Asks: 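Just dropping this structure here.
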Amino acid sequence: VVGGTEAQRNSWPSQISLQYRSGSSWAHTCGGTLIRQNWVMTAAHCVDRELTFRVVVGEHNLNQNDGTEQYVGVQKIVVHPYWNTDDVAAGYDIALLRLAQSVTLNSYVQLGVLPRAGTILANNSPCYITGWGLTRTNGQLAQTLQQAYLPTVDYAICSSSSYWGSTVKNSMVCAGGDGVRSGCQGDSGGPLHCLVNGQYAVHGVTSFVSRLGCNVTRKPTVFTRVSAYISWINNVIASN
Ligand SMILES: [Cl-]
Ligand code: NA
């Protein structure tokens with residue numbers, strides 16, 4: 001997250017860190033949202049590589065013992081069947097991870113609430129992106145979870161020529177684009193949390209930023225629209 005602030009330890013308990021084994025250590029690569037005690041929702045492009053992955057729930061600082069983490073291996077991966085890694089603009093950037101163990105819930109570990117199917121936020125709806133992604137374009141990952149306030153940009157505006165043009169689809173949510181704050185590499189797969197009727201719900205799964213930079217004016221962060229996949233999610237969990 002570029003232009004973010006440090007999140008309080010218990011603000012976003014459904015946020016997880018998706019990590020891969022690197023030598024004798026684990027490296028954060030993407031965020032995710034805990035949606036069942038043994039299921040995580042993340043971006044399909046985060047699991048394109050055939051690596052060993054683990055999820056960390058109750059994570060706040062990637063580099064220091066928080067006293068609250070639960071480390072759980074990824075046992076099964078279900079990528080959306082229409083995902084194509086060389087066509088992120090087509091959409092379908094979503095995948096579900098079944099965990100090897102069911103995590104224990106508490107104030108640092110909770111399930112993310114998803115929006116009702118088909119829900120589309122009005123332009124400029126207030127939302128927060130959260131993640132440990134780069135804090136600057138071509139920078140480094142954050143040590144502590146960051147949050148940034150990114151209002152939605154509706155399809156009509158987001159798909160206009162000065163914004164994302166034909167690249168954005170109605171199956172995505174755009175947010176931000178002010179040139180100061182945005183998601184960045186390493187935030188992919190994580191949540192876009194938006195307050196609706198007094199409750200936050202996870203409306204987006206971070207998918208991509210501009211090749212020209214993370215925080216680029218009129219290039220809002222683009223997320224997979226969670227509300228377009230409610231039936232898909234329910235169907236995968238019911239058959240797995
Ligand atoms: Cl949360
Ligand atoms: Na930690």
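Nothing fancy with the numbering, it's 1 onward along the sequence. Whatever order the structure lists ligands and atoms in, that order sets their numbers, starting from 1.
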Asks: Relative to each other, are the rings of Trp12 and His193 parallel, tilted or perpendicular (30° and 60° limits)?
Replies: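 Answer is parallel, since the angle falls under 30°.
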Asks: Angle at the Na ion (ligand 2), O of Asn61 to OE2 of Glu69, rounded to 10 degrees, please.
Replies: 180°
Asks: Rounding to 10°, state the angle centred on the Na ion (ligand 2) that links O in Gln64 with OD2 in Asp66.
Replies: 100°
Asks: Confirm or rule out an N/O/S atom of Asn63, from backbone or side chain, lying less than 3.0 Å from the Na ion (ligand 2).
Replies: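 No, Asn63 does not qualify, because none of its backbone or side-chain N, O or S atoms lies under 3.0 Å.
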Asks: Using 30° and 60° as the class boundaries, would you call the ring planes of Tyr229 and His80 parallel, tilted or perpendicular?
Replies: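 Answer is perpendicular, since the angle exceeds 60°.
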Asks: Name the one of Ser160, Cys174, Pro220 that satisfies side-chain contact (heavy atoms from CB on, under 4.5 Å) with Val168?
Replies: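 Answer to the side-chain contact (heavy atoms from CB on, under 4.5 Å) test with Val168 among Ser160, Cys174, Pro220: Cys174.
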Asks: Please examine the side chains of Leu121 and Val196, heavy atoms only from C-beta on, and report whether any two atoms are closer than 4.5 Å.
Replies: yes
Asks: Taking just the N, O or S atoms of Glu59, which one is nearest to the Na ion (ligand 2)?
Replies: OE1
